file query_30.pdb (PDB, C-alpha atoms)
MODEL        1
ATOM      1  CA  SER Z   1      91.713  98.357 -25.162
ATOM      2  CA  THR Z   2      90.252  95.582 -27.303
ATOM      3  CA  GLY Z   3      89.889  91.803 -27.259
ATOM      4  CA  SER Z   4      89.363  89.188 -29.976
ATOM      5  CA  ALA Z   5      88.712  85.474 -29.395
ATOM      6  CA  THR Z   6      87.705  82.586 -31.616
ATOM      7  CA  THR Z   7      84.505  80.764 -30.789
ATOM      8  CA  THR Z   8      84.103  77.135 -31.873
ATOM      9  CA  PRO Z   9      81.045  74.866 -32.235
ATOM     10  CA  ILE Z  10      80.994  72.110 -29.589
ATOM     11  CA  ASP Z  11      79.751  69.516 -32.081
ATOM     12  CA  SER Z  12      78.800  68.900 -35.707
ATOM     13  CA  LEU Z  13      75.335  70.456 -35.196
ATOM     14  CA  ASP Z  14      76.464  73.792 -33.712
ATOM     15  CA  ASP Z  15      74.492  72.949 -30.555
ATOM     16  CA  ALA Z  16      76.524  75.608 -28.759
ATOM     17  CA  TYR Z  17      79.796  77.524 -29.059
ATOM     18  CA  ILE Z  18      82.799  77.648 -26.724
ATOM     19  CA  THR Z  19      85.346  80.405 -26.346
ATOM     20  CA  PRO Z  20      88.615  80.128 -24.380
ATOM     21  CA  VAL Z  21      88.843  82.347 -21.284
ATOM     22  CA  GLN Z  22      91.874  82.899 -19.068
ATOM     23  CA  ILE Z  23      91.057  82.967 -15.325
ATOM     24  CA  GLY Z  24      93.501  83.578 -12.485
ATOM     25  CA  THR Z  25      97.251  83.842 -11.980
ATOM     26  CA  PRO Z  26      98.849  81.825 -13.484
ATOM     27  CA  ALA Z  27      96.162  81.583 -16.132
ATOM     28  CA  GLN Z  28      93.687  78.726 -16.018
ATOM     29  CA  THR Z  29      92.051  78.408 -19.432
ATOM     30  CA  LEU Z  30      88.427  77.282 -19.450
ATOM     31  CA  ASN Z  31      86.145  76.988 -22.482
ATOM     32  CA  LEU Z  32      83.032  79.017 -21.745
ATOM     33  CA  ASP Z  33      79.665  79.405 -23.428
ATOM     34  CA  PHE Z  34      79.289  83.128 -24.153
ATOM     35  CA  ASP Z  35      75.645  83.839 -23.439
ATOM     36  CA  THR Z  36      74.006  87.165 -24.337
ATOM     37  CA  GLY Z  37      70.864  85.802 -22.663
ATOM     38  CA  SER Z  38      72.234  85.683 -19.081
ATOM     39  CA  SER Z  39      74.535  87.701 -16.865
ATOM     40  CA  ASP Z  40      76.519  85.307 -14.676
ATOM     41  CA  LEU Z  41      80.094  84.181 -15.330
ATOM     42  CA  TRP Z  42      80.217  80.765 -13.678
ATOM     43  CA  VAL Z  43      82.614  77.866 -13.928
ATOM     44  CA  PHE Z  44      83.085  74.250 -13.059
ATOM     45  CA  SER Z  45      85.559  74.308 -10.198
ATOM     46  CA  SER Z  46      87.426  72.451  -7.504
ATOM     47  CA  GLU Z  47      84.304  73.039  -5.389
ATOM     48  CA  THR Z  48      81.873  71.326  -7.775
ATOM     49  CA  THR Z  49      80.283  68.133  -6.418
ATOM     50  CA  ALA Z  50      82.642  65.460  -7.775
ATOM     51  CA  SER Z  51      79.872  63.217  -9.150
ATOM     52  CA  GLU Z  52      78.626  66.206 -11.180
ATOM     53  CA  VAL Z  53      81.941  66.678 -12.979
ATOM     54  CA  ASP Z  54      82.584  64.516 -16.050
ATOM     55  CA  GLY Z  55      85.356  65.737 -18.302
ATOM     56  CA  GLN Z  56      85.140  69.478 -17.806
ATOM     57  CA  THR Z  57      88.152  71.613 -17.061
ATOM     58  CA  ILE Z  58      87.817  73.113 -13.582
ATOM     59  CA  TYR Z  59      88.846  76.409 -12.029
ATOM     60  CA  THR Z  60      90.836  75.933  -8.833
ATOM     61  CA  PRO Z  61      90.887  79.246  -6.981
ATOM     62  CA  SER Z  62      93.405  78.055  -4.370
ATOM     63  CA  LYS Z  63      95.962  77.831  -7.204
ATOM     64  CA  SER Z  64      95.368  81.431  -8.297
ATOM     65  CA  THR Z  65      97.400  84.068  -6.486
ATOM     66  CA  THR Z  66      94.886  86.740  -7.546
ATOM     67  CA  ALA Z  67      91.740  84.887  -6.429
ATOM     68  CA  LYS Z  68      89.851  86.334  -3.478
ATOM     69  CA  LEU Z  69      86.727  84.853  -1.897
ATOM     70  CA  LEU Z  70      83.856  87.320  -2.145
ATOM     71  CA  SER Z  71      82.761  86.896   1.425
ATOM     72  CA  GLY Z  72      79.167  85.891   1.960
ATOM     73  CA  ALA Z  73      78.269  85.907  -1.729
ATOM     74  CA  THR Z  74      76.267  83.077  -3.323
ATOM     75  CA  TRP Z  75      74.590  82.551  -6.662
ATOM     76  CA  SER Z  76      71.897  80.348  -8.111
ATOM     77  CA  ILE Z  77      70.571  80.377 -11.643
ATOM     78  CA  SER Z  78      67.995  78.540 -13.731
ATOM     79  CA  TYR Z  79      67.918  78.675 -17.514
ATOM     80  CA  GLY Z  80      65.093  78.518 -20.040
ATOM     81  CA  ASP Z  81      65.850  74.891 -20.875
ATOM     82  CA  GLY Z  82      65.383  73.773 -17.269
ATOM     83  CA  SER Z  83      69.053  73.478 -16.379
ATOM     84  CA  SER Z  84      70.618  75.111 -13.323
ATOM     85  CA  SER Z  85      73.703  75.675 -11.208
ATOM     86  CA  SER Z  86      74.721  77.392  -7.988
ATOM     87  CA  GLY Z  87      77.653  78.065  -5.688
ATOM     88  CA  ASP Z  88      79.865  80.755  -4.179
ATOM     89  CA  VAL Z  89      81.920  83.592  -5.638
ATOM     90  CA  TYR Z  90      85.504  84.686  -6.081
ATOM     91  CA  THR Z  91      86.954  87.763  -7.684
ATOM     92  CA  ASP Z  92      89.888  87.159 -10.013
ATOM     93  CA  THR Z  93      91.571  88.293 -13.184
ATOM     94  CA  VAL Z  94      89.729  87.285 -16.339
ATOM     95  CA  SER Z  95      91.025  87.723 -19.885
ATOM     96  CA  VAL Z  96      89.252  87.155 -23.184
ATOM     97  CA  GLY Z  97      91.269  87.327 -26.373
ATOM     98  CA  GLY Z  98      93.845  89.706 -24.910
ATOM     99  CA  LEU Z  99      91.351  91.883 -23.018
ATOM    100  CA  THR Z 100      91.845  91.798 -19.236
ATOM    101  CA  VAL Z 101      89.425  92.605 -16.388
ATOM    102  CA  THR Z 102      90.717  92.614 -12.817
ATOM    103  CA  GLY Z 103      88.312  91.943  -9.950
ATOM    104  CA  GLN Z 104      85.802  90.079 -12.117
ATOM    105  CA  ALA Z 105      83.230  88.035 -10.233
ATOM    106  CA  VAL Z 106      83.935  84.386 -11.029
ATOM    107  CA  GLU Z 107      81.033  82.303  -9.794
ATOM    108  CA  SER Z 108      82.270  78.919  -8.621
ATOM    109  CA  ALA Z 109      79.809  76.052  -9.037
ATOM    110  CA  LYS Z 110      79.154  73.800  -6.058
ATOM    111  CA  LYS Z 111      76.188  72.210  -7.847
ATOM    112  CA  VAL Z 112      75.242  71.830 -11.525
ATOM    113  CA  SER Z 113      72.297  70.041 -13.107
ATOM    114  CA  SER Z 114      72.668  66.915 -15.191
ATOM    115  CA  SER Z 115      72.629  68.671 -18.566
ATOM    116  CA  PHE Z 116      75.793  70.563 -17.629
ATOM    117  CA  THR Z 117      77.480  67.437 -16.244
ATOM    118  CA  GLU Z 118      76.612  65.544 -19.420
ATOM    119  CA  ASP Z 119      78.265  68.160 -21.628
ATOM    120  CA  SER Z 120      82.000  67.651 -21.251
ATOM    121  CA  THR Z 121      82.825  70.440 -23.725
ATOM    122  CA  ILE Z 122      81.412  73.382 -21.751
ATOM    123  CA  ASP Z 123      83.368  74.446 -18.648
ATOM    124  CA  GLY Z 124      80.931  77.207 -17.693
ATOM    125  CA  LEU Z 125      79.070  80.266 -18.975
ATOM    126  CA  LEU Z 126      80.108  83.875 -19.535
ATOM    127  CA  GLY Z 127      77.038  86.076 -19.382
ATOM    128  CA  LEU Z 128      76.739  89.098 -21.704
ATOM    129  CA  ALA Z 129      73.190  90.281 -21.032
ATOM    130  CA  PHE Z 130      72.655  93.251 -18.740
ATOM    131  CA  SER Z 131      74.055  93.112 -15.219
ATOM    132  CA  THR Z 132      70.593  93.637 -13.733
ATOM    133  CA  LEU Z 133      70.014  89.875 -14.335
ATOM    134  CA  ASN Z 134      73.116  88.809 -12.383
ATOM    135  CA  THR Z 135      72.100  86.372  -9.635
ATOM    136  CA  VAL Z 136      74.824  87.017  -7.047
ATOM    137  CA  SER Z 137      73.425  87.715  -3.576
ATOM    138  CA  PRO Z 138      73.473  89.836  -1.467
ATOM    139  CA  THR Z 139      75.588  92.078  -3.707
ATOM    140  CA  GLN Z 140      74.803  91.804  -7.416
ATOM    141  CA  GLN Z 141      77.877  91.611  -9.637
ATOM    142  CA  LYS Z 142      78.719  93.059 -13.045
ATOM    143  CA  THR Z 143      79.287  91.144 -16.267
ATOM    144  CA  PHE Z 144      82.673  90.904 -17.939
ATOM    145  CA  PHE Z 145      81.498  93.342 -20.615
ATOM    146  CA  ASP Z 146      80.149  95.765 -18.023
ATOM    147  CA  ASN Z 147      83.490  95.723 -16.178
ATOM    148  CA  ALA Z 148      85.478  96.097 -19.415
ATOM    149  CA  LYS Z 149      83.352  98.868 -20.954
ATOM    150  CA  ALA Z 150      85.127 101.974 -19.789
ATOM    151  CA  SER Z 151      88.497 100.610 -20.896
ATOM    152  CA  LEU Z 152      87.307  99.553 -24.323
ATOM    153  CA  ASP Z 153      88.091 101.700 -27.362
ATOM    154  CA  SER Z 154      84.339 101.619 -28.062
ATOM    155  CA  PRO Z 155      81.696 100.254 -25.662
ATOM    156  CA  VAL Z 156      80.692  97.355 -27.926
ATOM    157  CA  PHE Z 157      81.168  93.666 -28.489
ATOM    158  CA  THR Z 158      80.370  91.724 -31.639
ATOM    159  CA  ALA Z 159      79.252  88.159 -32.276
ATOM    160  CA  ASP Z 160      80.287  86.473 -35.533
ATOM    161  CA  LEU Z 161      79.163  82.856 -35.188
ATOM    162  CA  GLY Z 162      80.081  80.336 -37.836
ATOM    163  CA  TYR Z 163      77.913  77.737 -39.529
ATOM    164  CA  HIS Z 164      79.621  74.423 -38.893
ATOM    165  CA  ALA Z 165      82.820  76.482 -38.517
ATOM    166  CA  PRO Z 166      84.665  78.697 -36.065
ATOM    167  CA  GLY Z 167      83.838  82.380 -35.640
ATOM    168  CA  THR Z 168      84.748  85.353 -33.504
ATOM    169  CA  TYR Z 169      83.785  87.416 -30.480
ATOM    170  CA  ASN Z 170      85.347  90.886 -30.545
ATOM    171  CA  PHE Z 171      85.360  93.421 -27.715
ATOM    172  CA  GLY Z 172      85.825  97.132 -28.150
ATOM    173  CA  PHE Z 173      85.877  97.417 -31.956
ATOM    174  CA  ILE Z 174      83.954  96.637 -35.126
ATOM    175  CA  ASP Z 175      85.915  94.615 -37.690
ATOM    176  CA  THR Z 176      84.778  96.219 -40.930
ATOM    177  CA  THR Z 177      86.264  93.324 -42.934
ATOM    178  CA  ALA Z 178      83.971  90.783 -41.237
ATOM    179  CA  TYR Z 179      80.694  91.694 -42.958
ATOM    180  CA  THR Z 180      79.250  92.755 -46.294
ATOM    181  CA  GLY Z 181      77.216  95.857 -47.005
ATOM    182  CA  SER Z 182      76.160  98.038 -44.083
ATOM    183  CA  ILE Z 183      75.293  97.407 -40.458
ATOM    184  CA  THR Z 184      71.666  98.229 -39.691
ATOM    185  CA  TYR Z 185      71.068  99.335 -36.129
ATOM    186  CA  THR Z 186      67.822  98.837 -34.270
ATOM    187  CA  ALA Z 187      66.477  99.896 -30.853
ATOM    188  CA  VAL Z 188      66.941  97.849 -27.686
ATOM    189  CA  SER Z 189      64.803  97.597 -24.588
ATOM    190  CA  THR Z 190      66.723  96.672 -21.459
ATOM    191  CA  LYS Z 191      63.539  96.521 -19.363
ATOM    192  CA  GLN Z 192      63.782  92.705 -19.024
ATOM    193  CA  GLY Z 193      67.572  92.703 -18.797
ATOM    194  CA  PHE Z 194      67.988  91.267 -22.297
ATOM    195  CA  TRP Z 195      69.198  92.510 -25.672
ATOM    196  CA  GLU Z 196      65.544  92.871 -26.628
ATOM    197  CA  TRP Z 197      64.573  94.272 -30.016
ATOM    198  CA  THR Z 198      61.784  94.212 -32.618
ATOM    199  CA  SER Z 199      62.202  92.522 -35.972
ATOM    200  CA  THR Z 200      60.247  94.101 -38.807
ATOM    201  CA  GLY Z 201      59.017  90.817 -40.282
ATOM    202  CA  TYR Z 202      59.893  87.659 -42.180
ATOM    203  CA  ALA Z 203      59.877  85.657 -45.384
ATOM    204  CA  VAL Z 204      59.920  81.916 -46.084
ATOM    205  CA  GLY Z 205      62.153  80.830 -48.950
ATOM    206  CA  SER Z 206      61.530  82.952 -52.032
ATOM    207  CA  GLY Z 207      58.142  84.068 -50.707
ATOM    208  CA  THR Z 208      57.009  87.628 -50.145
ATOM    209  CA  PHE Z 209      58.123  89.494 -47.053
ATOM    210  CA  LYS Z 210      55.481  89.811 -44.350
ATOM    211  CA  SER Z 211      55.751  93.102 -42.495
ATOM    212  CA  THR Z 212      54.961  92.393 -38.854
ATOM    213  CA  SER Z 213      56.595  93.336 -35.532
ATOM    214  CA  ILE Z 214      58.311  90.462 -33.744
ATOM    215  CA  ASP Z 215      59.698  91.366 -30.296
ATOM    216  CA  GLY Z 216      62.516  89.086 -29.240
ATOM    217  CA  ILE Z 217      65.969  88.725 -27.736
ATOM    218  CA  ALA Z 218      69.366  88.292 -29.296
ATOM    219  CA  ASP Z 219      70.605  85.257 -27.392
ATOM    220  CA  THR Z 220      73.876  83.564 -28.273
ATOM    221  CA  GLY Z 221      73.236  81.032 -25.489
ATOM    222  CA  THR Z 222      70.150  79.583 -27.173
ATOM    223  CA  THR Z 223      70.730  77.165 -30.065
ATOM    224  CA  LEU Z 224      67.558  77.580 -32.085
ATOM    225  CA  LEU Z 225      65.265  80.277 -33.420
ATOM    226  CA  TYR Z 226      62.046  80.515 -31.401
ATOM    227  CA  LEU Z 227      59.246  82.517 -33.003
ATOM    228  CA  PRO Z 228      55.451  82.857 -32.760
ATOM    229  CA  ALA Z 229      53.427  79.800 -33.714
ATOM    230  CA  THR Z 230      51.921  81.549 -36.756
ATOM    231  CA  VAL Z 231      55.349  82.285 -38.216
ATOM    232  CA  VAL Z 232      56.725  78.839 -37.464
ATOM    233  CA  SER Z 233      53.666  77.124 -38.973
ATOM    234  CA  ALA Z 234      54.109  79.190 -42.139
ATOM    235  CA  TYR Z 235      57.731  78.067 -42.402
ATOM    236  CA  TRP Z 236      57.197  74.331 -41.883
ATOM    237  CA  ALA Z 237      54.179  74.289 -44.207
ATOM    238  CA  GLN Z 238      56.718  74.673 -47.023
ATOM    239  CA  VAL Z 239      58.487  71.425 -46.069
ATOM    240  CA  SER Z 240      56.770  68.240 -47.255
ATOM    241  CA  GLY Z 241      56.156  65.893 -44.372
ATOM    242  CA  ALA Z 242      57.069  68.383 -41.629
ATOM    243  CA  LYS Z 243      54.979  68.158 -38.482
ATOM    244  CA  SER Z 244      54.911  69.294 -34.890
ATOM    245  CA  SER Z 245      55.597  66.295 -32.667
ATOM    246  CA  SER Z 246      54.594  66.487 -29.009
ATOM    247  CA  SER Z 247      56.594  63.334 -28.259
ATOM    248  CA  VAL Z 248      59.776  64.852 -29.694
ATOM    249  CA  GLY Z 249      58.966  68.354 -28.413
ATOM    250  CA  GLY Z 250      58.832  70.386 -31.591
ATOM    251  CA  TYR Z 251      58.788  70.444 -35.371
ATOM    252  CA  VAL Z 252      60.452  67.525 -37.109
ATOM    253  CA  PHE Z 253      60.916  66.945 -40.821
ATOM    254  CA  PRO Z 254      62.041  64.198 -43.196
ATOM    255  CA  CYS Z 255      65.808  64.109 -43.281
ATOM    256  CA  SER Z 256      65.486  63.753 -47.086
ATOM    257  CA  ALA Z 257      64.053  67.286 -47.371
ATOM    258  CA  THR Z 258      65.723  70.352 -48.792
ATOM    259  CA  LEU Z 259      64.859  73.154 -46.379
ATOM    260  CA  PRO Z 260      63.851  76.621 -47.538
ATOM    261  CA  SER Z 261      65.636  79.705 -46.285
ATOM    262  CA  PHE Z 262      64.139  82.010 -43.646
ATOM    263  CA  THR Z 263      64.513  85.770 -43.814
ATOM    264  CA  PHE Z 264      64.059  88.166 -40.889
ATOM    265  CA  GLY Z 265      63.813  91.945 -40.973
ATOM    266  CA  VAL Z 266      66.085  94.407 -39.234
ATOM    267  CA  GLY Z 267      64.504  97.738 -39.982
ATOM    268  CA  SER Z 268      64.486  98.001 -43.778
ATOM    269  CA  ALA Z 269      67.308  95.427 -44.013
ATOM    270  CA  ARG Z 270      67.006  91.650 -44.392
ATOM    271  CA  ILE Z 271      69.042  88.768 -42.931
ATOM    272  CA  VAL Z 272      68.762  85.466 -44.800
ATOM    273  CA  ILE Z 273      69.163  82.205 -42.911
ATOM    274  CA  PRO Z 274      70.045  79.470 -45.412
ATOM    275  CA  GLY Z 275      67.893  76.360 -45.229
ATOM    276  CA  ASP Z 276      70.844  74.194 -44.195
ATOM    277  CA  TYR Z 277      71.197  76.247 -40.984
ATOM    278  CA  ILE Z 278      67.753  75.028 -39.916
ATOM    279  CA  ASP Z 279      68.703  71.293 -40.019
ATOM    280  CA  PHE Z 280      69.640  69.859 -36.614
ATOM    281  CA  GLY Z 281      69.839  66.279 -37.751
ATOM    282  CA  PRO Z 282      68.242  62.997 -36.742
ATOM    283  CA  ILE Z 283      66.088  63.124 -33.605
ATOM    284  CA  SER Z 284      67.864  59.961 -32.493
ATOM    285  CA  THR Z 285      70.823  58.081 -33.930
ATOM    286  CA  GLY Z 286      69.832  56.388 -37.185
ATOM    287  CA  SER Z 287      66.453  58.092 -37.458
ATOM    288  CA  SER Z 288      65.181  59.550 -40.733
ATOM    289  CA  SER Z 289      63.212  62.155 -38.796
ATOM    290  CA  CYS Z 290      65.238  65.361 -38.356
ATOM    291  CA  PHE Z 291      64.832  68.125 -35.799
ATOM    292  CA  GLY Z 292      63.963  71.617 -36.967
ATOM    293  CA  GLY Z 293      65.972  74.701 -36.143
ATOM    294  CA  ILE Z 294      62.937  76.997 -36.138
ATOM    295  CA  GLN Z 295      60.533  76.243 -33.292
ATOM    296  CA  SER Z 296      57.535  77.842 -31.619
ATOM    297  CA  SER Z 297      58.080  80.270 -28.752
ATOM    298  CA  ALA Z 298      54.540  79.603 -27.494
ATOM    299  CA  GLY Z 299      54.854  78.880 -23.804
ATOM    300  CA  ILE Z 300      58.366  80.359 -23.492
ATOM    301  CA  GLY Z 301      56.904  83.798 -23.010
ATOM    302  CA  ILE Z 302      59.415  85.510 -25.313
ATOM    303  CA  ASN Z 303      60.708  85.138 -28.882
ATOM    304  CA  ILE Z 304      64.387  84.134 -29.099
ATOM    305  CA  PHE Z 305      66.778  84.963 -31.907
ATOM    306  CA  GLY Z 306      69.216  82.219 -31.005
ATOM    307  CA  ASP Z 307      72.271  80.893 -32.825
ATOM    308  CA  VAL Z 308      70.322  79.736 -35.921
ATOM    309  CA  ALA Z 309      69.463  83.363 -36.582
ATOM    310  CA  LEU Z 310      72.552  85.079 -35.211
ATOM    311  CA  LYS Z 311      75.053  82.899 -37.105
ATOM    312  CA  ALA Z 312      73.586  84.233 -40.400
ATOM    313  CA  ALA Z 313      74.738  87.719 -39.373
ATOM    314  CA  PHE Z 314      77.465  89.912 -38.008
ATOM    315  CA  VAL Z 315      75.911  91.198 -34.801
ATOM    316  CA  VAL Z 316      76.888  94.330 -32.894
ATOM    317  CA  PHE Z 317      75.980  94.540 -29.250
ATOM    318  CA  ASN Z 318      76.291  98.287 -28.665
ATOM    319  CA  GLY Z 319      76.557  99.068 -24.958
ATOM    320  CA  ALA Z 320      76.532 102.832 -25.260
ATOM    321  CA  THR Z 321      74.456 104.810 -22.736
ATOM    322  CA  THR Z 322      71.455 103.930 -24.885
ATOM    323  CA  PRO Z 323      72.149 100.379 -26.037
ATOM    324  CA  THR Z 324      71.375  99.271 -29.596
ATOM    325  CA  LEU Z 325      71.833  96.188 -31.775
ATOM    326  CA  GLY Z 326      73.382  96.100 -35.221
ATOM    327  CA  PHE Z 327      72.984  93.415 -37.883
ATOM    328  CA  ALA Z 328      74.900  92.970 -41.123
ATOM    329  CA  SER Z 329      74.992  90.202 -43.696
ATOM    330  CA  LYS Z 330      78.317  88.417 -44.131
TER     331      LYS Z 330
ENDMDL
END
call {"tool": "encode", "arguments": {"input": "query_30.pdb", "output": "structure tokens"}}
result
Amino acid sequence: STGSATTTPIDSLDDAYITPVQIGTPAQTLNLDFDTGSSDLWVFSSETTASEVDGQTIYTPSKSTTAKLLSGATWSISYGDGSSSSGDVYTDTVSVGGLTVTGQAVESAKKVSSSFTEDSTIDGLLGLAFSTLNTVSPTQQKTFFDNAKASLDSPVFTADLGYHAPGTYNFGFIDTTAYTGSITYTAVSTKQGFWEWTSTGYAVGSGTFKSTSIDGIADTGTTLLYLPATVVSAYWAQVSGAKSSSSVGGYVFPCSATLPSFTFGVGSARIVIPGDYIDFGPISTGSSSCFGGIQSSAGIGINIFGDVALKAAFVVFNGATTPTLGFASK
């Protein structure tokens, strides 16, 4: 089998991407944030504290003839940005772009933190990291991809995120028309439960490539590109007036600037992030100070190749017995 679904930016800045997901019988379609940095599929639901719901589409398991309470199971998750959610668990039929998994764990939110409430466009998350990070207790549950794997034509999914435009998540096949040149594959460590890999270095604008190992994760659920302070300082030094602002919480730059590109290495290959991808607009409405899309990972504890990086590439998440990652230009 295969699946193919369009993923759409939630706003003009590409702050996140939503993908329609069919849950239950009859189908209830929710727009989920596909997140290769976590491993829980959770949704706003009929069980979510009413004051914590503001515009989201909810899953109502009592209206699904295929929903079954997973007795005794609970979940609770916290994300790198400080947000969180928790609740109980059903199993139900879940379909993504024509690909169907029966008995998928659908984690029903009873509580969500304010950042989720405040985002009316995201109805939940669909985790695509390794199932070892799944938070369901006392019986850990498998991701959608993990459940689908055996049935897929090939045990892979691909992320093709758009810049200020829709893109595509595919399951079970590589669309050879979706990228240019070749796909370069690179090793993955699953030891932390992430799609963790090592970039071979970077360049700023038209500058020379610096060969240096950068360990990080491919995370579609993180907006920005988080890299070591040395690398990030080298980038923003090429932007007149750019500075790290503690009050804002990262690098800002004059909105009148033309940003340089940023290149990262995948083995001997190179992915170029155009400068415009690194502009996340005024820090506040009407400001002439703009927020940077490349930020320091210092204090996160890990480097994160988030959407800013991934949307410059066609990315293969290869879930073979020994997982790997592939990157192609597009």
call {"tool": "closest_residue", "arguments": {"input": "query_30.pdb", "among": "Z:266, Z:290, Z:178, Z:112", "to": "residue Z:78", "atoms": "only C-alpha atoms"}}
result
Z:112
call {"tool": "resolve_selection", "arguments": {"input": "query_30.pdb", "expression": "the PyMOL selection byres ((chain Z and resi 37) around 8)", "output": "count of residues only"}}
result
15
call {"tool": "resolve_selection", "arguments": {"input": "query_30.pdb", "expression": "the PyMOL selection byres ((chain Z and resi 316) around 8)", "output": "PyMOL selection string"}}
result
chain Z and resi 156-159+174+314-315+317-318+325-327
call {"tool": "residues_around", "arguments": {"input": "query_30.pdb", "residues": "residue Z:51", "least_positions_apart": "4", "cutoff": "12 Å", "atoms": "only C-alpha atoms", "output": "PyMOL selection string"}}
result
chain Z and resi 47+55-56+110-114+116-118
call {"tool": "resolve_selection", "arguments": {"input": "query_30.pdb", "expression": "the PyMOL selection byres ((chain Z and resi 134-150) around 10)", "output": "ChimeraX atom specification"}}
result
/Z:1-3,38-41,70,72-78,86-89,94-96,99-107,126-133,151-157,171-172,193,319-320
call {"tool": "atom_distance", "arguments": {"input": "query_30.pdb", "atom1": "atom CA of residue Z:308", "atom2": "atom CA of residue Z:259"}}
result
13.5 Å
call {"tool": "atom_distance", "arguments": {"input": "query_30.pdb", "atom1": "atom CA of residue Z:108", "atom2": "atom CA of residue Z:69"}}
result
10.0 Å
call {"tool": "closest_residue", "arguments": {"input": "query_30.pdb", "among": "Z:16, Z:122, Z:257, Z:30", "to": "residue Z:54", "atoms": "only C-alpha atoms"}}
result
Z:122
call {"tool": "closest_residue", "arguments": {"input": "query_30.pdb", "among": "Z:312, Z:203, Z:234, Z:269", "to": "residue Z:186", "atoms": "all atoms listed in the file"}}
result
Z:269
call {"tool": "atom_distance", "arguments": {"input": "query_30.pdb", "atom1": "atom CA of residue Z:71", "atom2": "atom CA of residue Z:57"}}
result
24.6 Å
call {"tool": "closest_residue", "arguments": {"input": "query_30.pdb", "among": "Z:81, Z:52, Z:92, Z:175", "to": "residue Z:120", "atoms": "all atoms listed in the file"}}
result
Z:52
call {"tool": "closest_residue", "arguments": {"input": "query_30.pdb", "among": "Z:294, Z:214, Z:272, Z:53", "to": "residue Z:244", "atoms": "only C-alpha atoms"}}
result
Z:294
call {"tool": "closest_residue", "arguments": {"input": "query_30.pdb", "among": "Z:329, Z:324, Z:19, Z:256", "to": "residue Z:187", "atoms": "only C-alpha atoms"}}
result
Z:324
call {"tool": "residues_near_point", "arguments": {"input": "query_30.pdb", "point": "(65.2, 83.5, -34.1)", "cutoff": "6 Å", "atoms": "all atoms listed in the file", "output": "list in words"}}
result
residues 225, 226, 304, 305, 306 and 309 of chain Z
call {"tool": "residues_around", "arguments": {"input": "query_30.pdb", "residues": "residue Z:252", "least_positions_apart": "2", "cutoff": "6 Å", "atoms": "only C-alpha atoms", "output": "ChimeraX atom specification"}}
result
/Z:242-243,290-292
call {"tool": "axis_aligned_box", "arguments": {"input": "query_30.pdb", "around": "stretch 289-304 of chain Z", "padding_each_side": "5 Å", "output": "lines of an AutoDock Vina configuration file"}}
result
center_x = 60.3
center_y = 73.8
center_z = -30.9
size_x = 21.4
size_y = 33.4
size_z = 25.8
call {"tool": "residues_around", "arguments": {"input": "query_30.pdb", "residues": "residue Z:213", "least_positions_apart": "4", "cutoff": "7 Å", "atoms": "only C-alpha atoms", "output": "number ranges by chain"}}
result
Z: 198-201
call {"tool": "build_atoms", "arguments": {"input": "query_30.pdb", "residues": "stretch 65-76 of chain Z", "atoms": "N, CA and C atoms", "output": "CSV table (one decimal), in the coordinates of the input"}}
result
chain,number,residue,atom,x,y,z
Z,65,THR,N,96.9,83.1,-7.5
Z,65,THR,CA,97.4,84.1,-6.5
Z,65,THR,C,96.6,85.4,-6.5
Z,66,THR,N,95.7,85.5,-7.5
Z,66,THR,CA,94.9,86.7,-7.5
Z,66,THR,C,93.4,86.5,-7.2
Z,67,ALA,N,93.1,85.2,-6.9
Z,67,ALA,CA,91.7,84.9,-6.4
Z,67,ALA,C,91.5,85.4,-5.0
Z,68,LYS,N,90.3,85.9,-4.8
Z,68,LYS,CA,89.9,86.3,-3.5
Z,68,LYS,C,88.4,85.9,-3.3
Z,69,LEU,N,88.1,85.2,-2.2
Z,69,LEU,CA,86.7,84.9,-1.9
Z,69,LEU,C,85.9,86.1,-1.7
Z,70,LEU,N,84.8,86.2,-2.4
Z,70,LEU,CA,83.9,87.3,-2.1
Z,70,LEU,C,83.0,86.9,-1.0
Z,71,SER,N,83.3,87.4,0.2
Z,71,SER,CA,82.8,86.9,1.4
Z,71,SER,C,81.3,87.0,1.5
Z,72,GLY,N,80.6,85.9,1.8
Z,72,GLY,CA,79.2,85.9,2.0
Z,72,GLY,C,78.3,85.8,0.7
Z,73,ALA,N,79.0,85.9,-0.5
Z,73,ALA,CA,78.3,85.9,-1.7
Z,73,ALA,C,77.9,84.5,-2.2
Z,74,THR,N,76.7,84.3,-2.7
Z,74,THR,CA,76.3,83.1,-3.3
Z,74,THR,C,75.5,83.4,-4.6
Z,75,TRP,N,75.3,82.4,-5.4
Z,75,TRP,CA,74.6,82.6,-6.7
Z,75,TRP,C,73.8,81.3,-7.0
Z,76,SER,N,72.8,81.4,-7.7
Z,76,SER,CA,71.9,80.3,-8.1
Z,76,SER,C,71.1,80.8,-9.3
